[PDB]
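# Structural description and commentary
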Amino acid sequence: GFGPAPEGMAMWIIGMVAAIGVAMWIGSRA
Amino acid sequence: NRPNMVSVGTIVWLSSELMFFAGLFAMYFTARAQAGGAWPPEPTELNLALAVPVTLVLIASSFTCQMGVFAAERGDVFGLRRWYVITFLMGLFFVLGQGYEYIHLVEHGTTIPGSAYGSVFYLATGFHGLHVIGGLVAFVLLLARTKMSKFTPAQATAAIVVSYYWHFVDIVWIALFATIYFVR
Amino acid sequence: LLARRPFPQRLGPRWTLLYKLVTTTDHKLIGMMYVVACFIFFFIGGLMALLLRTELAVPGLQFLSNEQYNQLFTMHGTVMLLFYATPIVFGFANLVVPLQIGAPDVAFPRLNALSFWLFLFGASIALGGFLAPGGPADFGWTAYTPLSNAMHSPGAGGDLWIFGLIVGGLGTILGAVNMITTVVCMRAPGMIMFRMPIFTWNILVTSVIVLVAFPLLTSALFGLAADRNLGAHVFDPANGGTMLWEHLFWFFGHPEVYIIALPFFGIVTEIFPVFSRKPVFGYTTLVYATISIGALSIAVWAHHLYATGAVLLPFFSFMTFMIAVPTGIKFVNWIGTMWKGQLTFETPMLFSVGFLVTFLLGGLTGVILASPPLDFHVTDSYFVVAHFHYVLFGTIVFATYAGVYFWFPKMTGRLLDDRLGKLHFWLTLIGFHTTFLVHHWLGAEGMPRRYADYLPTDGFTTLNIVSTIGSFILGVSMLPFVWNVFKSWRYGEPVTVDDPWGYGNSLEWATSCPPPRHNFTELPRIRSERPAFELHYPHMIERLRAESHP
Amino acid sequence: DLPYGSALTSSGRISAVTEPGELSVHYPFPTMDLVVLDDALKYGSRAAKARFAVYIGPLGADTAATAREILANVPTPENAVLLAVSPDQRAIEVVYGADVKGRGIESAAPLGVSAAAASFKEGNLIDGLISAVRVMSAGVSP
Amino acid sequence: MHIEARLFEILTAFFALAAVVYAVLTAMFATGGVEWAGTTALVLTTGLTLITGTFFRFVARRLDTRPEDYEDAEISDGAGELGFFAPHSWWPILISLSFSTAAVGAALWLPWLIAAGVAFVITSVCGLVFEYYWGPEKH
Amino acid sequence: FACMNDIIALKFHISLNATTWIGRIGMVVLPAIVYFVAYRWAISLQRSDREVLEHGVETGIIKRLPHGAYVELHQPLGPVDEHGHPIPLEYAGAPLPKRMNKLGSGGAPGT
Amino acid sequence: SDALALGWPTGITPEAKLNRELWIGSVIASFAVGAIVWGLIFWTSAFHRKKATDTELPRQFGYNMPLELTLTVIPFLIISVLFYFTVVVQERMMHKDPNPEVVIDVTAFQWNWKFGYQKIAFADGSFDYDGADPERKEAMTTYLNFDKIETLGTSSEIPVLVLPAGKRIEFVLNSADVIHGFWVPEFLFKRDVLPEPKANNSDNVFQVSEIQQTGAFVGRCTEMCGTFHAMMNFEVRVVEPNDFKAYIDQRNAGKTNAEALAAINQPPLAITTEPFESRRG
Amino acid sequence: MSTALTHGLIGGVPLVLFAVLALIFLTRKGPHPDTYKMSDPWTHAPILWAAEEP
Ligand SMILES: CCCCCCCCCCCCCCCCCC(=O)OC[C@H](COP(=O)([O-])OCC(O)COP(=O)([O-])OC[C@@H](COC(=O)CCCCCCCCCCCCCCCCC)OC(=O)CCCCCCCCCCCCCCCCC)OC(=O)CCCCCCCCCCCCCCCCC
Ligand code: HAS
Ligand code: HAS
Ligand SMILES: [Cu+2]
Ligand SMILES: [Cu+2]
Ligand SMILES: [Cu+2]
C-alpha cells in the first residue's frame, strides 16, 4: 500500500491538479 | 404550448430508477419469505427512534424543495437559493442520520457478511443512500450554476427537474420505511 | 451549364474527422459510429464462434483447453447480444429516427454522445477480461449465481463482466431517454402520433422496454458484485438466491430479447413498401402489434425457467403462446404489403425476404419451446441454440444488412454495390442454413449446449462437421461485405438524387443524401402516413385515399 | 418541364428520385478514370492558382465563339481555364479567363491542345483530358 | 398530447392486471407462497408506466393542441425557435471515461480507484452541466 | 508504467509476463500510433478554428424557418454583408471563442 | 413417424412416450403453418416487375379489416388447441404416488454424479430394503440425503446407476455446489438439480411410471456447472426385476459396481459412455 | 473421417462455394454504363467539370 508508485499517483492528481488549477485561477487565458 | 422537453426526459428517466428499486425490493422479499421462519431480524433490533425522526426530515425536505421550486417559476433566484440550502442541509442531516444508524447496527449487530438480513438491509438502504448523496450533489451543481448566468427560464427549468429527483428519493424512502420498519 | 465536379471527394482532407469524433452531437455521425464500432464487435464475437466451432468438428479437445472453451461462448454470447445487438438498435435509431420525424437532432444531444461512449468503454472493460490470468467470464452469458460466486468462479474477469454490463447498461437507458423524448416532443408540424413510420414506433416501444429491462439487470448485477467483492447473502442458495437470479436475469432477459427483435421489424416494415410499390398493409394493426408484443414480452420472463424446479408453468405457458399472435399478425401484414405490388429484388429487399424465411423457423421453434413438455427434453440442448439463431440471425443480420444496404446512400451519398451485395447474401443464406439447421436434429437427440467435447462413440460427429463446414461460409461471407463498404465508402456510385430507391415513403427520403447538418432544407406537407410518396408523386394522392380498403 | 419523379419543394430545391436498379449520374467513363481526372483538376487548381474546367459538349455554332458562353458558367470566370472538347467535330479549344493572361498561359494553351489531340486519336477521350490538365498546369504559375 | 399519454395508460392497464393475476395465481398454485421476486417486478413495472403515464395527462390537460398533434397543419405553423442544442462538446467522452474508471475500481475492488473514479465523475459532470453557463473571465 | 508492472500484475490482475510484452511491443507501436492521432488531432483543431471564422460561433438555437429549413443562427464575430453571410475573418494565432456564454451573452445573476 | 419427429429418441417410460406423441404435433401445427407462409413468400416470386406494368403503380391497398380478424383468430385457435395438450401432458407428468417402488437420490456434486438408494417397496411386497441412515446425515451441521448403497463415481469410474425395468422409480434431485442438470435423454424429460430445492421453492423430485425397455442408456448434465461440464456423464441400466434383487443382495454385503454388476453377468463398466482422456491425465 | 478429411474440407468447401458464387455474381454487367468510344456520335449530354479548389 506504500512505495513510490502511490506517491506518483497522489502527486499528479492531487498536488499538480491543485497547482495547475490554482494557476488557472490566478492567471488568464489568452 | 410546448411540453417542456427537459422536464419530460427526467420523468421518463425517473421511471427507470423505480425499476432499479424493483430488483432491490425483490432481494428483500425473497430473503424474507424463503429464509424467515422467525422474524427476519434474528440477532438485531431496529429502533424506530433515530429512524422515524430522520424520515420526517425528508418529508420536510420535499416540502422545502417544493417551496423553493415555486420561487423558480416566479423568477426569484434568491428564493430558489434559500430553500435549496434548507433542502441541502436537511438532506445532509438524513445521510448523517442514516449513516449513524449503520454504526449502531455494525458495532452492535450484523453487517453485510454474517446475516442474510444484513445484506438486504444494507443494499436496499445502501443504494437509496447513494441516490440521496447523488441528489445532494445536484443541489450543489444547481446553486453554483445560478451564480453564472442571469437566471434564465433554462435556469428555472433545471431547478424543476432537480426537484423532481428529490421527490422521487423521498417517495422511495416512504416505500422503504413502510416496508423494512413496519412490515417486519 | 451547371458546373459540377466529376467524381465526389473520396476521403475528406487531412483531419476532418478526428476531433469531430470527440466533440460531436450530430446524431447522423453518432449513428455511423455505432454502426462501425459494432462490427468491430461482430468480428471479435464472431471469431470466437469460429474457434468454438473447430473444437466441435473433430471429437476431442484438439487445440483449446477445456476452460478456454467455456470463456469463449461466454464472450461470444455477451459480445453478440449486449455489445453488438443492443447498440445497433440505437445505431439505426440515431441515423434514422430524427430524420423520419421532422427533427433537427435528438432531444438531449449530449446524452446521445454519452450513450455511445458508455457503450464503447463498457464493452472493452468486459472483453478486457482476456488479459487476466484466469481469463474472462467462465460461466454462461446468463451467469447463474451458485456458479457466479467468489469461490466457484474465483478469478477476476468475471468481475469485469459484471462491470462491463452496468457501464454499457447505463448507456442504453440514457439512450432510451432520447428516443422517447425525441418522438414525444420533436415531430414535424403536421406529423401526429400516427401517420408516423413503423420504425419510429418500434424505437419508441423498445425504449419503454429498455427502461423496464436494463435497470432490473443493473440492480441485479450490483447485487452480484456485493455477493463477490463484498460478502453478501443476496443470491446465496439458502435464501432463495439461486432462483432469485433466475427471476432477476430473465426479467431483464426476455425484454432485452425483444428490444433486439422489434426495432429490426421496423427496418423491415420500412423496406417492403419501397420495393413493392404499395403501402404498409395494415399500418395501424402493425402499431397495435408492436405495442402488444412490448406488453406481453415483460410478463413471460419465466419460460426460460421450465426445467429449474418449480415456477408457475401454466402462467408462463399461455402468456408465451400469446406472443405468437401479434408476431403472426406482423407476418400477414408483411406478405400483405408484398402481395399485389410489382416486386424488385434489390439488395435491401433481397435481405428482407431472407429475413422472412429464417425468422419463421425461429418463431416456429419458439412456440415449440414454449410448451413445457416439449421443452422438458430440449431446454438446455442444441435445439435451443438452433432456435435463437433462426430467430436472431434473422433480425440482427438479415435485417441489419437490409437496413445497411437501404440507408447507405442516405448516410454517405454513395450507392453500396449490388452485384457484390448479392454475393454477400447468397454466401449467408446458403451458409446459415448449413450451420444451424442440423442443430435442430443434433440437439434433439442428445447434444446439450455449452459442451466442449462430445465423445466419438456418440453419433454427433457427422452433423457437427456439417455445421463447421457451414460456419466458415458465414466467416467468408463477411469478406464481400467489408470489401463492399470499404470500396463504396469513398469510391462507388454517387447519388446526386434525394431518394435512390424510387419510392421512399418517409421524411428521410425527402432530403438530400447526405442530409445537411440539421437534416432538412425544406419539409413537405406532411398529411399522410408516407410523405415522400405524396411528395415526388402528386398523381397518386387522389389514389392513396380512394383505392385503399378492399 | 419536370421529369417523371422529381418534385419542386417549398424552395427551389428540385428533389429528384431514381428507380431502384438504375443509377443517378450516367457519366460514360469508368469510375477510376474520373478519380484520376479529379486530382488532375483539383491538384492542378491548387499548385497553379487558376481554376481548371473541362467541357465535353457539342459546339453546334461557330467553335471559337460558343465556348465563351461555357466560360461564364464556371463559378469564377477570371481564374478559370476552360478546356472545351467536341467529340463529334475535332474541335478542342482552350479558353482562358482573361485574368491568367499575365501568368504563363500563352505558352501552355497551344501545348495543352497538342498534348490532348495526340491522346484522343488512337485512344479514348478521358486519356487526353487527364493528360491536358496535368500538362497545362505546370506551365501556369501563381 | 392525447395519444402519447394513451400509449402508456394502455401499458399500465396490462401490467397492473398482469401483476394482480400473477400474485393471485402464485398465492394459490405455486409450490410455496406468493412468488415474490417476479411479482415485485410487475408491481413496479406498472409504476414505470404510471409515473410516466399519469404525468403526460397533466401535459395533456394543461397543454393545447400543438402542431405536432393537429391533423392537417401546414408547415408554417410552428415556425418559431426550437430551443438550445449543444453544437459540440468534449465532455461526454470524459464522463464515460470517468464512470468506467469508477467501474474498473468496483470490478477489481480497489477502493482508492473507486474514489478517484467518483471524483472524476463529478468534475466531468460539473463540466457538462456548467458548460453553457460560465461568462467571460473577469481577470 | 512498465517499471511498476509488479503492481499492475498484482492489483490490476493481468500477468507479470504480459505486462512486459505490452511494454515491448508497445514501445514501438504506441509512440507510432500517438504520432498519427496527434498529427490528426492538431489539424482537426485547426479546421475547427476555420469553421468559426468562415461561418461564426455555433449558437445552439435552431429556428425552424416557415418552409421547413432548420438553421443554426451563427454569431458572425465580425462585420456583415448586405446578404446574410458574414465576411470571413483572418486567422491570427489567437484563441477563438466557440461558445456564446463566453462572449458575454450569459449576463449577471443579480448582485 | 421417425422423420417427422426431428430426432427424438423413442421414450422408454410411458410418460416420455407421451411427449413423442405430442412432439409430432409439430406436423399439425409448425410444418403445416410453416409451409403456408413459405407458400406465400415464394408465391410472391411470380409477381416481379415486368416491362408491361411499368408506368402503372398498383392498387395501393392498405387496410383489409376482415383479414386482420380472420388471420388473428386462426393463429389464436392453434395456440388454443395447444395449452390444452401441453397442459394434459405436463399433468400426466409432475405426478406423485405414495408407493414409489424405488427412491434414488442423485446428489449431483461438483462434476461426477454421486448416486444413492433409498426405500424401495415392490408391488409384490417382497424386497423392502429401506436404507437411508440419519446418523450419517447428523454429521453435517443439512439438505443432502445420505445413504449406504451410494454410487460414488470418481473421475475414471463413470457412475452406473442400476434400476429395475418394470417398476415405478423416483429421483430425488439434489446438488452439493452448483445448479447442475439431470438428463437421461431417453427419459424425454429433464430437471435441473439445485443446491437447496425446498429453500428455493422448487419441486426437487420427479417420478416415472415404469420402464418399458431393458438395457442401458446415457445420462448427461445440461445446466452449466463450470470447467468439466462436458465430463459429467452417468449411465443408467434398466436390468430385469429379478436381476435387480440379485444386484442389491450382492451390494448390501459390500462390493463395487465392477463386482456387483459382474455377479449378474452384465458388463461392469459403462457401455454407452466412457471416461475422457482429457480429464484423467 | 480422419483429421485430414475434416480440416482439408472445413477450409475447402467455403472456398469452392465462394468460387462458384463469385463466377456467377461478379460477372453480371453492372449498372455503370460502358466506356465512351470515339466512333459514337455523343448522344449523352453537355458535361461541365469545373474544379472547386480555389
Ligand atoms: C480531489 C483531488 C484533487 C484535489 C485538488 C483540489 C483543487 C483543484 C482545483 C482548484 C480550483 C481553484 C481554487 C480557487 C477557485 C475558487 C472558485 C472561484 O471562486 O472562481 C471560479 C473559478 C474562476 O476561474 P477564472 O480564472 O475566473 O475563469 C474561468 C472562466 O470563468 C471559465 O473557465 P472555463 O470555461 O474554461 O472552465 C472552467 C473549469 C471547467 O469546468 C469544470 O470542470 C468545473 C470543475 C468543478 C470541480 C469540482 C470539485 C473538484 C474536486 C471534486 C472532488 C469530489 C469529492 C470526491 C470524493 C470521493 C469519496 C468516495 O475549468 C477549471 O476551472 C479548472 C479546474 C481544474 C480542476 C479539475 C480537476 C481534475 C481532476 C479531478 C480529481 C480530483 C482529485 C481526486 C483524488 C481522489 C479523491 C480525493 O473557476 C474555477 O476555478 C472553479 C474550480 C472549482 C473548484 C472549487 C472547489 C475547490 C477545491 C477544494 C475542495 C475542498 C472544499 C470543499 C469542502 C468544503 C465545503 C464548504
Ligand atoms: C431475436 C430474439 C428472439 C426472439 C424474437 C425470440 C422469440 C421467441 N422465443 Fe426465444 N426463447 C423461447 C421462446 C421464444 C418464443 C415463444 C418466441 C416468440 O416470440 C416466437 C414468435 C413466433 C412466430 C414469429 C411465429 C408466428 C408466425 C405465424 C404465421 C403465426 C402462426 C404460427 C404459429 C402459431 C406457430 C405454429 C406452431 C405451433 C407449435 C403452434 C424459449 C422458451 O420458451 C427459450 C428458452 C429455451 C430454454 O428452455 O432454455 C428461448 C430462448 C431464447 C434465447 C436464449 C436464452 C438462453 O440461452 O437460455 C434467445 C437469445 C432468444 C431470442 C429470441 N427469442 N430466445
Ligand atoms: C446476433 C448474435 C449471434 C450471432 C451473429 C452468432 C453467430 C454465430 N454463432 Fe452464436 N453460437 C454458436 C455458433 C455461431 C456461429 C457459427 C455463428 C456464425 O455467424 C459465425 C460468425 C463469425 C464471424 C462473423 C467471423 C468473421 C471474422 C473473420 C472471418 C476474421 C476477423 C478478423 C479480425 C482481425 C477481427 C477484427 C478485429 C478488429 C478489432 C477490427 C454456437 C456453436 O457453435 C454456440 C453455442 C456454443 C455452445 O456450445 O454452447 C453459439 C452460442 C451463441 C449464444 C449463446 C451463448 C452461450 O451459450 O453462453 C448466443 C446468444 C449467440 C448469438 C449469436 N451467435 N450464439
Ligand atoms: Cu423469452
Ligand atoms: Cu453438472
Ligand atoms: Cu454439468
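Residues numbered from 1 in each chain as written, not as in the entry; some residues may be left out. Chains lettered and ligands numbered in written order. Part of a larger assembly, values for the part shown. Heavy atoms only, no water. Residues with missing side-chain atoms left out of burial classes, pairs and counts.

### Thoughts on the site of ligand 3
All names here are of chain C. Rule in force here: Whether a residue is near a molecule or strand depends on its heavy atoms: it is near if one of them lies within 4 Å of it. As used in this structure description, the phrase polar contact means that two N or O atoms lie within 3.5 Å; if the pair is within protein, one of them must be able to donate a hydrogen and the other to accept it, and residues adjacent in sequence are counted only when both atoms belong to side chains. Strands are runs of DSSP state E lasting at least two residues, helices are runs of H or I lasting at least four, and both sets are numbered from the N terminus onward.
Neighbouring ligand 3 are 31 residues, the closest being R53, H76, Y382, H389 and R449. Measuring from an oxygen atom of ligand 3, one finds a side-chain N or O atom of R449 at 2.7 Å. Elements supplying a minimum of two residues to the shell around ligand 3: helix 2 (41-54), helix 4 (72-82), helix 17 (382-390), helix 18 (392-395) and helix 23 (461-476). Take the shell around ligand 3: its biggest share by element is eight residues, from helix 2.

### Considerations on the environment of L94 of chain E
All names here are of chain E. Under the convention used in this document: Only protein chains enter the accessibility calculation, which uses a 1.4 Å probe; a residue is then buried when its area is under 20% of its type maximum, exposed when over 50%, and partly exposed in between.
With respect to the helices and strands, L94 occurs in helix 6 (residues 92-100). Judged by its relative accessible area of 29%, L94 falls in the partly exposed class. In the structure, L94 is positioned 26 residues away from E68 in sequence and 36 Å away in space, judged by C-alpha atoms.

### Topic: the packing of aromatic side chains
Residue and element names in this part refer to chain C. Short version of the rule: Here a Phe, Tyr or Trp ring, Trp counted by its six-membered ring, pairs with any other such ring whose centre lies within 6.5 Å, and the pair is stacked when the planes are under 30 degrees apart, edge-to-face when over 60, and tilted otherwise. Cation placement over rings: the criterion is NZ of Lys or CZ of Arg within 6 Å of the ring centroid and within 35° of the ring normal.
Under the defined criterion, the tally for this structure stands at 117 aromatic pairs over all chains. Ring geometry for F92 against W407: centres 6.0 Å apart, planes inclined by 50 degrees, an arrangement best described as tilted. Note that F92 is positioned in helix 5 (residues 89-100) and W407 in the loop between helix 19 (401-404) and helix 20 (408-411), a separation of 315 residues in sequence. You can call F92 buried: its relative accessible area is 2%. Judged by relative accessible area, which is 3%, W407 ranks as buried. Here the basic side chain of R530 rests over the ring of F533, its NZ or CZ set 3.7 Å away from the ring centre.

### Concerning the interface of chain B and chain C
For the record, the criterion: Any pair of residues with heavy atoms lying within 4.5 Å of one another is described as a contacting pair. Summed over both partners, the accessible surface that disappears when two parts come together, traced with a 1.4 Å probe, is what is meant by buried area.
Residue-level contacts link 28 residues of chain B with 31 residues of chain C. Considering only the surface of chain B that becomes buried against chain C, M5, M19 and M27 of chain B emerge as the three largest contributors, covering 26% of it. Between the two partners, chain B and chain C, sit five residue pairs in polar contact. Listed by contribution, the elements that provide at least two residues to the side of chain B that touches chain C are helix 1 (5-20), helix 2 (25-33) and helix 5 (118-137) of chain B.

### Re the arrangement of the chains
Out of 16 pairs of chains that touch, the pair holding the most contacts is chains C and G. One finds no contact linking chain A with chain B; the least C-alpha distance across the pair is 16 Å.

### Quick notes on the coordination of the copper ion (ligand 6)
Residue and element names in this part refer to chain G. Our working definition: Coordinating donors are taken to be N, O and S atoms lying within 2.8 Å of the metal, or within 3.2 Å when the metal is Na, K or Ca; because water is excluded from the atom set, some sites may appear incomplete. Here the metal geometry follows the donor angles, with tetrahedral for four donors whose angles all fall between 85 and 135 degrees, square planar for four and octahedral for six when opposite donors are more than 155 degrees apart and every other angle is between 65 and 115, and irregular for all the rest.
Summarising the metal site, the copper ion (ligand 6) is bound by the protein donors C221 (SG), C225 (SG), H229 (ND1) and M232 (SD), whose distances to it range over 2.3 to 2.6 Å. Seen from the copper ion (ligand 6), its four donor atoms lie at angles of 85 to 136 degrees, and the figure they make is irregular. Of note, the donors binding the copper ion (ligand 6) are all from one chain and are spaced C-x3-C-x3-H-x2-M. A separation of 1.9 Å is found between the copper ion (ligand 6) and the copper ion (ligand 5), which are bridged by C221. Under the relative-accessibility criterion, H229 is labelled buried at 0%.

### So, the interface of chain C and chain G
Test applied: Salt bridge, as used here, is a side-chain nitrogen of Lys or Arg placed within 4 Å of a carboxyl oxygen of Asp or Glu.
Contacts between the two partners involve 98 residues from chain C and, on the opposite side, 83 residues from chain G. Buried area between chain C and chain G, summed over both chains or domains, comes out near 8,100 Å², and the portion from carbon and sulfur atoms is 66%. Scanning the region where chain C abuts chain G turns up one salt bridge. Our count for the contact surface shared by chain C and chain G stands at 21 residue pairs in polar contact. Breaking the side of chain C that touches chain G down by element, the ones donating at least two residues are helix 3 (66-70), helix 12 (283-296), helix 13 (313-321), helix 14 (324-336), helix 15 (347-370), helix 16 (372-378) and helix 22 (438-443) of chain C. Top element by residues in the side of chain C that touches chain G is helix 14 of chain C. It accounts for eight residues.

### As for the UniProt feature "binding site: Mg(2+) 1" (unreviewed entry) in chain G
Selection rule: UniProt positions are given in the numbering used here, feature names are shortened, and annotations may be inferred rather than shown by experiment.
On the UniProt side, "binding site: Mg(2+) 1" (unreviewed entry) is annotated at positions that read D192 and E223 of chain G here. These annotated residues cover 32 residues of sequence, but their C-alpha atoms sit close together, with the largest distance between any two at 6.8 Å. Checked against the element boundaries, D192 of chain G lands in strand 6 (residues 191-193). Residue class for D192 of chain G comes out buried when judged on its relative accessible area of 5%. Excluding its chain neighbours within four sequence positions, the residues that come into contact with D192 of chain G are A307 and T308 of chain C together with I179, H180, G181, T222 and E223 of chain G. Position of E223 of chain G among the secondary structure elements: in the loop between strand 8 (215-219) and strand 9 (234-239). Here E223 of chain G is in contact with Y144 and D380 of chain C together with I179, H180, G181, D192 and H229 of chain G, once residues within four sequence places are set aside.

### A short note on the site of ligand 2
Rules: Amino acids outside the nonpolar list (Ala, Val, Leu, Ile, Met, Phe, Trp, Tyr, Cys, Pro) and the charged list (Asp, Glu, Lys, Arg) are all regarded as polar, and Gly is one of them.
Near ligand 2 you find 37 residues, and of these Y258, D375, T379, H387 and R449 of chain C are the closest. Nearby residues around ligand 2 are contributed by chains C and G. Here an oxygen atom of ligand 2 sits 2.4 Å away from a polar atom, N or O, in the side chain of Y258 of chain C. A distance of 2.7 Å is found between an oxygen atom of ligand 2 and a side-chain nitrogen or oxygen belonging to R449 of chain C. Those elements that provide at least two residues to the shell around ligand 2 are helix 10 (244-261), helix 14, helix 15, helix 17 and helix 18 of chain C together with helix 2 (25-41) and helix 3 (67-81) of chain G. Ranked by residue count, the leading element in the shell around ligand 2 is helix 15 of chain C, at seven residues. When grouped by side-chain class, the residues that make up the shell around ligand 2 number 24 nonpolar, 11 polar and two charged.

### Regarding the side chain of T78 of chain C
Residue and element names in this part refer to chain C. Tracing the chain through its elements places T78 in helix 4. The class for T78 is buried, based on a relative accessible area of 0%. Here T78 is in contact with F83, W141, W161 and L165, once residues within four sequence places are set aside.

### Comments concerning the sheet that holds strand 8 of chain G
All names here are of chain G. Counted only if it meets this: Should DSSP find at least two bridges between two strands, the strands are taken to pair. Axes here refer to lines fitted to C-alpha atoms; in helices the fit is confined to the stretch in contact. Angles between the N-to-C directions go from 0 to 180 degrees.
Strand order in the open sheet made by the three strands is 3-9-8, with mixed pairing throughout. This sheet does not close on itself; its edge strands, each paired only once, are strand 3 (160-164) and strand 8. Between one strand and the next, the sheet's axes are offset by a mean angle of 25 degrees, whatever the strand orientation. As paired strands, strand 3 and strand 9 are joined by five bridges and run parallel to one another. Directly across from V162, in strand 9, lies its bridge partner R237.

### Overview of the sheet that holds strand 1 (residues 103-105) of chain G
Residue and element names in this part refer to chain G. With respect to topology, four strands assemble into an open sheet ordered 2-1-4-7, the strand pairing being mixed. The open sheet has two edge strands with one neighbour each: strand 2 (116-117) and strand 7 (205-208). When strand 1 meets strand 4 (residues 169-172), the two strands line up parallel, connected through three bridges. Note on strand 4: the bridge partner recorded for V103 is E170.

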